[PDB]
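First, one chain by itself in structure tokens, the form deposited in one PDB entry.
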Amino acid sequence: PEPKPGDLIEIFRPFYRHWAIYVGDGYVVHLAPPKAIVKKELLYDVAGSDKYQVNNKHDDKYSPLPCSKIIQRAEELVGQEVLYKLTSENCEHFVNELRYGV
């Protein structure tokens, strides 16, 4: 089933979860090493063969930003580097910041 634009994507990679944000038409916005940059890539490629799901876990208590703001922000961040560690705590924080705001 296809994710909605703005949906948080939890990719069950072996021994670690990788987070992304769906920005429509098959694409996700996520942090990746090409030292790590914000990339706009195909969900097909980012998920690979790994199991994944939509997980807007904080939607029950927190209110998501309008889907226009989620996409404008996520896409206007693409290209910008992050000099911090690619921890699942940080990958979750990065996407939660895009969906819910600061």
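Residues that one form lacks are left out of the comparison. Numbers for residues come from their place in the sequence shown, where the first is 1. Rigid core here is just the name for the largest C-alpha set that superposes within 1.5 Å across the two forms.
- Going from residue 34 to residue 35, the model skips 10 or more deposited residues, which lack coordinates.
- Of the two segments examined, 13-21 and 88-96, it is 88-96 that shows the higher average Cα temperature factor in the deposited entry.
- In the PDB entry, residue 66 places in the middle third of its chain by CA B-factor.
Note that the form deposited in another entry isn't included here; everything after this is about it.
- After superposition on the rigid core, displacement of the C-alpha of residue 93 between the shown form and the other one amounts to 2 Å or more.
- In a rigid-core overlay of the protein, residue 16 has its C-alpha displaced by under 2 Å between the shown form and the other one.
- Shifted region between the shown form and the other one (3+ consecutive residues, every CA moving 2 Å or more on the core fit): 83-102 alone.
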